Amino acid sequence: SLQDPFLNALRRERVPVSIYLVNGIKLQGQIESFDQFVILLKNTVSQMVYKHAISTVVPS
Amino acid sequence: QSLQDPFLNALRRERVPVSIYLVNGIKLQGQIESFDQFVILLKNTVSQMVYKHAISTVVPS
Amino acid sequence: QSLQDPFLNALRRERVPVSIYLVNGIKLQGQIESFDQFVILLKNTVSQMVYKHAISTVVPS
Amino acid sequence: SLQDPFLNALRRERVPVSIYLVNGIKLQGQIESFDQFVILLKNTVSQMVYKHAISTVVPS
Amino acid sequence: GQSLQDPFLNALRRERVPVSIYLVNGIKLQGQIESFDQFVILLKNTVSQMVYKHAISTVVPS
Amino acid sequence: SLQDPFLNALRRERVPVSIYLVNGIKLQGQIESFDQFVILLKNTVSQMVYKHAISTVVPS
Ligand SMILES: Nc1ncnc2c1ncn2[C@@H]1O[C@H](COP(=O)(O)OP(=O)(O)O)[C@@H](O)[C@H]1O
Ligand SMILES: Nc1ncnc2c1ncn2[C@@H]1O[C@H](COP(=O)(O)OP(=O)(O)O)[C@@H](O)[C@H]1O
Ligand SMILES: Nc1ncnc2c1ncn2[C@@H]1O[C@H](COP(=O)(O)OP(=O)(O)O)[C@@H](O)[C@H]1O
Ligand SMILES: Nc1ncnc2c1ncn2[C@@H]1O[C@H](COP(=O)(O)OP(=O)(O)O)[C@@H](O)[C@H]1O
């Protein structure tokens with residue numbers, strides 16, 4: 001797995017990220033936690049994002 | 001440990017308003033009544049079954 | 001499918017007019033004749049097979 | 001299960017169908033054959049349609 | 001339980017039949033089936049490209 | 001049998017690639033690594049791209 005260490009490093013280091021969705025929407029914040037299917041992204045509030053709707057995860 | 005289950009279980013038990021964004025950009029609003037592996041039942045004026053595969057994100061309103 | 005199946009079976013056994021929204025935003029209407037793991041058979045003018053993978057939400061109309 | 005007898009009834013009676021794709025595109029023709037993952041649709045040509053791309057199959 | 005997809009694509013590859021592959025977003029690719037596996041098709045055009053089946057709606061000979 | 005050798009050849013030889021996404025967006029850069037579900041694309045930065053969001057991968 002490449003996915004878990006990649007997200008874990010962003011989460012551990014509190015790196016601001018952009019999460020692009022498959023419909024072109026750009027979400028921004030910090031990754032707080034994740035599991036096999038979802039990622040918890042926090043900006044002003046915490047939202048649960050389904051990985052199936054995610055296209056790309058990038059440091060912002 | 002699932003993160004999805006505690007997140008949706010907290011929203012369900014809290015009975016708070018929730019915003020569900022669909023992959024096509026539509027935003028649904030209501031209370032989470034229950035959920036299983038594939039669907040969430042959202043309650044507003046009516047009770048509706050939402051397939052998780054169609055959801056991009058879930059946030060308390 | 002501890003939720004999915006009882007939700008759909010009730011709509012089917014009770015012959016409730018339903019709305020089925022697809023992930024592209026199209027809204028189909030009719031009665032659920034039957035369903036299995038993968039598809040719903042919706043009847044209005046004719047019987048049509050809807051793949052669950054293309055469905056966003058099912059609600060009584 | 002429902003797919004096989006639904007698709008086979010259409011095949012056996014050679015009834016023209018509309019296959020609507022998840023993106024709204026409408027295909028037309030007759031069901032020639034199908035398997036777990038694809039449907040062969042016969043019109044002016046024989047085209048292989050991936051079920052994962054289909055929203056609905058309707059007698060046309 | 002017998003595949004229709006595999007002999008279909010295989011025959012296309014075998015005889016170098018010109019195809020159109022339509023994507024789920026409406027984009028039309030053109031060329032020849034070069035190879036394929038469980039998850040991808042390699043389509044030979046003016047260049048060689050790997051196409052994910054999950055992104056494919058239809059494969060059309062013409 | 002086709003995907004792994006294809007992506008590894010690009011990675012190993014450091015060939016500049018275009019990754020087209022299901023929403024039409026085109027990403028460019030070098031394949032850093034990949035696993036079963038993701039490809040790490042290196043550009044100015046490292047982005048994790050979900051394969052479910054990819055339609056095509058081609059040398060640019
Ligand atoms: N990796 C990606 N996945 C999905 N959509 C993307 C990606 N990169 C850019 N986009 C989308 O393409 C559009 C144009 O991109 P760009 O001009 O770079 O805007 P942004 O500043 O939002 O990245 C935006 O809607 C953006 O969200
Ligand atoms: N639960 C849903 N899932 C997907 N799309 C929806 C849903 N509810 C409404 N829409 C879409 O959002 C758009 C706005 O809704 P509108 O036209 O006012 O009718 P409505 O009661 O049919 O939503 C409609 O075109 C409809 O297709
Ligand atoms: N049974 C169906 N399943 C999925 N989508 C449909 C269905 N019927 C119509 N649509 C979509 O709604 C749009 C308008 O359809 P409508 O005017 O009812 O008939 P037509 O399909 O001839 O245009 C179509 O372009 C199609 O994408
Ligand atoms: N294989 C492909 N998959 C998805 N989209 C594509 C593909 N090839 C081209 N497109 C899209 O078609 C649009 C029309 O121009 P395009 O053919 O892309 O030029 P370019 O090949 O140089 O990117 C582009 O914006 C591009 O995003």
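Residues numbered from 1 in each chain as written, not as in the entry; some residues may be left out. Chains lettered and ligands numbered in written order. Heavy atoms only, no water. Residues with missing side-chain atoms left out of burial classes, pairs and counts.

A. Highlighting the arrangement of the chains. Most contacts, when the six pairs of chains in contact are compared, are made between chains B and C. With respect to C-alpha atoms, chain A approaches chain D no nearer than 13 Å, and the pair has no contact. Left apart from each other, chain D and chain F have a closest C-alpha approach of 11 Å. (Contact = heavy atoms within 4.5 Å.)

B. Representation of the site of ligand 4 in the model. Around ligand 4 sit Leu23(E), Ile27(E), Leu29(E), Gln49(E), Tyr20(F), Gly24(F), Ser55(F) and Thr56(F), and those are all the residues in its vicinity. Chains contributing residues to the immediate surroundings of ligand 4 are chains E and F. At 3.4 Å from a nitrogen atom of ligand 4 is found a side-chain nitrogen or oxygen belonging to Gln49(E). In the complex, 47% of the free accessible area of ligand 4, which totals 520 Å², lies under the protein chains. Considered class by class, the residues forming the shell around ligand 4 number four nonpolar, four polar and no charged. (Near = heavy atom within 4 Å. Polar contact = N/O pair within 3.5 Å; in protein donor to acceptor, adjacent residues only side chain to side chain. Areas by Shrake-Rupley, 256 points an atom, 1.4 Å probe, with all protein chains shown as cover. Nonpolar A, V, L, I, M, F, W, Y, C, P; charged D, E, K, R; others polar.)

C. Just the interface of chain B and chain C, in detail. Taken together, the contact between chain B and chain C spans 18 residues of the former and 18 residues of the latter. Taken together, the elements giving at least two residues each to the side of chain B that touches chain C come down to β2 (27-35), β3 (39-43) and β4 (47-51) of chain B. The dominant element in the side of chain B that touches chain C, judged by the number of residues it contributes, is β4(B), at five residues. Grouping the amino acids of the side of chain B that touches chain C by side-chain chemistry returns 12 nonpolar, five polar and one charged. One ladder, built from two bridges, connects β4(B) with strand β5 (residues 55-60) of chain C; its direction is antiparallel. When the sheet's bridge partners are listed, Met49(B) is paired in β5(C) with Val58(C). (Helix = DSSP H or I, 4+ residues; strand = E, 2+ residues; numbered from the N terminus. Pairing = 2+ DSSP bridges.)

D. How the structure looks around the environment of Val47(E). Residues and elements named next belong to chain E. Looking at the secondary structure, you find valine 47 in the loop between β3 (40-44) and β4 (48-52). Owing to a relative accessible area of 38%, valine 47 belongs among the partly exposed residues under this scheme. Expressed as a C-alpha distance, the spacing of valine 47 and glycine 31, which sit 16 residues apart in the sequence, is 9.2 Å. (Buried < 20%, exposed > 50% of the residue type's maximum accessible area, 1.4 Å probe, protein only.)

E. Spotlight on the relation of the copies chain B and chain C. If you rotate chain B by 60° and push it 0.1 Å along the axis, it lands on chain C with an RMSD of 0.8 Å. What we have between these two chains is a six-fold relation. Minimal C-alpha separation from the rotation axis in chain B is found for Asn24(B), amounting to 6.6 Å. The residues that chain B uses at the interface reappear at the interface of chain C in only 17% of cases, marking distinct surfaces. (Least-squares fit on C-alpha atoms.)

Taken by themselves, the reported measurements are silent on function.
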